[PDB]
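Some notes on the structure that comes next.
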Amino acid sequence: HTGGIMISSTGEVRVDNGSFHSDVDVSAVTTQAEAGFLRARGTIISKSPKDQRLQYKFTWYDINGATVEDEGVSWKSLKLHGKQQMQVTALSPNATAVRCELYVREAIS
Amino acid sequence: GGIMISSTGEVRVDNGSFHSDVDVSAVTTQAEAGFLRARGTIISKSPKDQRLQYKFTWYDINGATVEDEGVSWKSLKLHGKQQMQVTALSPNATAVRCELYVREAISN
């Protein structure tokens with residue numbers, strides 16, 4: 001038995017695997033915060049009717065591409081209801097961070 | 001089984017013995033002989049050979065699809081850690097934007 005996955009260049013990912021169907025869009029940007037800090041702003045949108053549990057976290061990078069130590073930050077759970085959008089945010093852990101990346105994980109069934 | 005998606009375009013799937021990992025970039029376009037050339041990069045993030053399929057879809061000023069007879073899903077082989085640029089030319093002058101789509105099958 002097989003399923004399928006389709007990815008778009010805009011960040012949309014859909015999975016269709018037997019009775020399991022998900023369709024989520026993930027994006028993030030950094031905005032300037034105070035005292036030389038950045039603030040990550042992410043958007044996670046479901047485009048499918050059934051509730052979907054997922055987890056997310058941001059990671060941070062400096063000008064060289066090195067990962068910036070981010071103490072006490074782990075994967076956080078969300079239940080996205082059908083067609084719900086959620087906004088997620090994180091303050092940079094130190095002023096050397098120039099960029100963030102948002103990761104989202106979901107269980108395929 | 002699970003999937004991980006990133007804001008920089010990575011999609012990683014792990015499902016029993018099935019494993020895939022790729023990154024799909026944003027599309028850029030440029031003018032070319034009265035048409036637009038679309039470009040995207042697909043990057044392997046696995047040390048093993050992968051194969052997937054891709055297609056470009058074109059849109060007009062209002063986001064209506066600009067029908068492209070004949071052109072559909074195409075195969076692409078990616079050696080471990082290889083980076084491949086894929087490209088398409090606009091079918092006609094009403095096309096102003098393009099999106100790149102990538103698909104694969106998953107199993108157990």
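Residue numbering restarts at 1 for every chain, and letters A, B, ... go by the order of the sequence lines.
Counting only heavy atoms from C-beta outward, the side chains of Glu106(A) and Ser22(A) approach each other to under 4.5 Å. In this structure, the side chains of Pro47(B) and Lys81(B) come closer than 4.5 Å at one or more pairs of heavy atoms. Contact of the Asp68(B) side chain with the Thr57(B) side chain is not registered, since no non-hydrogen atoms from C-beta on lie closer than 4.5 Å. In this structure the side chain of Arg51(B) never reaches within 4.5 angstrom of the side chain of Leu76(B), judged on heavy atoms. Between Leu52(B) and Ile42(B), some side-chain heavy-atom pair lies under the 4.5 Å cut-off. You'll find the side chain of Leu36(B) reaches within 4.5 Å of the side chain of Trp58(B), heavy atoms only. Residues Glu10(B) and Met4(B) are in side-chain contact: their nearest non-hydrogen atoms beyond the backbone lie under 4.5 Å apart. A heavy-atom distance below 4.5 Å is found between the side chains of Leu100(B) and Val24(B).
Checking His81(A) against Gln84(A) by side-chain atom types alone, a donor-acceptor pair falls below 3.5 Å. With no hydrogens or angles considered, no side-chain donor-acceptor pair links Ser44(B) and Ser46(B) at under 3.5 Å. Side-chain contact, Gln83(B) with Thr41(B): no donor N or O sits under 3.5 Å from an acceptor N or O.
Taking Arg37(B) as the reference, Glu32(B) meet the salt bridge (charged side-chain N to carboxylate O under 4.0 Å, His left out) condition, with sequence neighbours excluded.
How far CD1 of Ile106(B) is from CD1 of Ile5(A): 4.0 Å, rounded to the nearest 0.5 Å. Here the CZ-OG distance, from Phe56(B) to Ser9(A), works out to 8.0 Å after rounding to the nearest 0.5 Å. To the nearest 0.5 angstrom, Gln52(A) atom CD is 7.5 Å from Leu80(A) atom CG. Atom CG of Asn94(A) and atom CG of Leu91(A) lie 10.5 Å apart (nearest 0.5 Å). Between the CD1 atom in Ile43(B) and the CD atom in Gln85(B) there is a gap of 10.5 Å [rounded to 0.5 Å]. To the nearest 0.5 Å, atom OG1 of residue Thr2(A) and atom CG of residue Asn17(A) are 8.0 Å apart.
The pair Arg14(A)-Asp16(A) meets the salt-bridge criterion, since a charged nitrogen lies less than 4.0 angstrom from a carboxylate oxygen.
Minimum interatomic distance between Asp49(B) and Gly80(B) (heavy atoms only, all atoms of both residues): OD1-N, 3.9 Å. Scanning both residues, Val98(A) and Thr30(A), for their nearest heavy atoms gives O-OG1, 4.3 Å. Residues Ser17(B) and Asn108(B) come closest through the heavy atom pair OG-O, 3.5 Å.
Cation-pi check for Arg97(B) over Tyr59(B) is not met; the charged atom does not lie both under 6.0 angstrom from the ring centroid and within 45 degrees of its normal. By the 6.0 Å and 45° rule, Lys55(B) stacks over the aromatic ring of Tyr101(B).
Using a distance-only test at 3.5 Å, with no hydrogens or angles considered, no donor-acceptor pair links the side chain of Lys74(B) to the main chain of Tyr54(B). In this structure, the side chain of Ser90(B) does not engage the main chain of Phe35(B) through any donor-acceptor pair within 3.5 Å.
Placement of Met84(B) and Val22(B) within a single hydrophobic cluster is found when ILVMFWY residues are connected by side-chain heavy-atom separations under 4.5 Å, directly or transitively.
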Output, in order, the C-alpha distance, side-chain angles, deciding distance and verdict of side-chain contact (heavy atoms from CB on, under 4.5 Å) for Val104(A) and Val13(A). CA-CA 11 Å; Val104(A) 170; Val13(A) 180; over 6 Å; no

